[PDB]
Amino acid sequence: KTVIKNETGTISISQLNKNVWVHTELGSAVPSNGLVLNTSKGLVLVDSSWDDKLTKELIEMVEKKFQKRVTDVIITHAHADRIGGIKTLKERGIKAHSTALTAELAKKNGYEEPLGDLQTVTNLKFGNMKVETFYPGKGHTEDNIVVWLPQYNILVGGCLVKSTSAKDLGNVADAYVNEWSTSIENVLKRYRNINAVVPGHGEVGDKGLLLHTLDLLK
Ligand SMILES: [Zn+2]
Ligand SMILES: [Zn+2]
């Protein structure tokens, strides 16, 4: 797997396969992941980053490297690590897709609002790249969604899903610990053959990360 950093070393992208890279940025010293989809109609991100600066840097980095424009982003919940760069997106005319609940929660947290255009299950298509978004229920937050690439059997778990190295659930101020297991099970039931899982924070793994998150919920 290839890994490209930015000049400061605050941002990395690292390849999962041909058209699918993870993005990782550091904010205040805490890492955060999303996806970069290289499609024939432009670059699509799953999630932005912690703030406007890092989001700008992210976009600059992937636009140069893949030689096409970021056209769309999928926002997976309304916390800073996911939605922090929303102003950069809107001012560039980058479409910020989300559920209606994530948009409200964005506004309530005082962020500019994403589109609120995703339903519980939405099937999108960008160039040849298929993408499903799924709301499995409450967990890390009320609104948290996952993203599924059916052509690659790749799941972006976001902050719903913990990495192997995580010993606890992290910040549960906005969580629903009792719904979180059922929500993970809903993911397991929909996506019965998974090649890789991208957690919101920490290293990429397989379905074990969902089972691991279950254990941490006990
Ligand atoms: Zn969060
Ligand atoms: Zn997070």
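Start at 1 and count along the chain as shown; that gives each residue its number.
Method of determination (from the header): X-ray crystallography, 2.2 Å.
From the backbone N, Cα and C atoms, a Cβ is placed for every residue, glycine too.
Copied from Swiss-Prot, the annotated features are:
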- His77, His79, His140: Zn(2+) 1 binding site (BINDING)
- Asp81, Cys159, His201: Zn(2+) 2 binding site (BINDING)
- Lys162, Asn171: substrate binding site (BINDING)
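Shown here: features listed in Swiss-Prot, placed on the structure.
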residue : record                 : Cβ neighbours (10 Å)
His77   : Zn(2+) 1 binding site  : 26
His79   : Zn(2+) 1 binding site  : 25
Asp81   : Zn(2+) 2 binding site  : 25
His140  : Zn(2+) 1 binding site  : 27
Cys159  : Zn(2+) 2 binding site  : 25
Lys162  : substrate binding site : 26
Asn171  : substrate binding site : 11
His201  : Zn(2+) 2 binding site  : 18
Taking each of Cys159, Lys162, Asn171, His201 in turn, which of these binding-site residues have a Cα lying within 10 angstroms of the Cα of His77 (Zn(2+) 1 binding site)?
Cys159
Distance between the Cα atoms of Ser28 and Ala29, in Å as an integer, please; the 4 residues between them are unmodelled.
5
Which binding-site residues among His79, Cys159, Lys162, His201 have CB under 6 Å of ligand 1?
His79, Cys159
Near ligand 2, which of the binding-site residues show up if the criterion is a Cβ under 6 Å from one of its atoms? Options: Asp81, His140, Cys159, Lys162.
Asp81, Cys159
List, in sequence order, those binding-site residues among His79, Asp81, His140 whose Cα sits within 10 Å of the Cα of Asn171 (substrate binding site).
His140
To the nearest whole angstrom, state the Cα distance for the pair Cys159 (Zn(2+) 2 binding site) and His140 (Zn(2+) 1 binding site).
6
Write out, in the order they occur in the sequence, the residues of the chain not among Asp81, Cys159, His201 that have a C-beta within 8 Å of the mean position of the C-beta atoms of the recorded Zn(2+) 2 site.
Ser32, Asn33, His79, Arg82, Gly158, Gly170, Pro199, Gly200
